[PDB]
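In what follows, a single structure is set out as structure tokens and then discussed.
Read-outs: derived from the displayed coordinates by stated rules, not from any lab. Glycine gets a Cβ as well: all are built from the backbone with ideal geometry, and neighbour counts include every protein chain shown.
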Amino acid sequence: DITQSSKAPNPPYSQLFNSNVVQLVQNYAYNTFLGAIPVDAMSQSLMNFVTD
Amino acid sequence: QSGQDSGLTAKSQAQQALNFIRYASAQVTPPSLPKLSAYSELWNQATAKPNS
């Protein structure tokens with residue numbers, strides 16, 4: 001209802017609701033997925049999913 | 001990686017994967033192929049021209 005500026009969003013918002021919250025939540029998600037997979041574990045070279 | 005040198009050994013994490021995958025495929029017990037003597041006489045019996 002453009003004719004009324006009173007109920008218009010003041011202040012206007014364009015950012016996310018909480019970028020930091022989803023940021024941290026996705027951080028622990030990635031960490032838990034990468035570390036949660038079991039791995040053959042005796043020596044350092046052998047848990048390496050990736051090379052150098 | 002330099003494992004114990006007696007028969008098959010993995011020299012890398014990739015070789016560790018290969019030796020696992022062949023181990024699961026149970027290629028270390030290849031099937032019992034025919035006896036030379038037995039199969040050979042059944043050969044002589046079957047491959048020959050009949051009534052000659």
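What's the FRET efficiency of A:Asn48 with A:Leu16 using the Cβ-Cβ distance as r and R₀ = 25 Å, to the nearest 0.05?
Computed FRET efficiency for A:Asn48 and A:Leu16 comes out at 0.10.
Once you put a point 7 Å from the Cα of B:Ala17 and another 7 Å from the Cα of B:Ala46, both along the Cβ direction, what distance in nm separates them?
4.2
Output the Cα-based Rg and Dmax of chain B in Å, rounding Rg to one decimal and Dmax to a whole number.
20.9, 64
For chain A, which longest stretch is free of loop sites, where a loop site is one of the chymotrypsin sites (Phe, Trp or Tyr not before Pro) that DSSP puts outside H, G, I, E and B and that has at most 15 other Cβ atoms within 10 Å?
Of all site-free stretches, the longest is A:18-48.
What do you get for the angle between helix A:19-36 and the principal long axis of chain A? Use alpha-carbon atoms, 0 to 90 degrees, nearest ten.
Helix A:19-36 sits at roughly 20 degrees to that axis.
To test your reading of the geometry: what angle, between 0 and 90 degrees and rounded to tens, separates the Cα axis of helix B:13-24 from the longest principal axis of chain B?
Taking the Cα atoms of chain B, the angle to B:13-24 is about 40 degrees.
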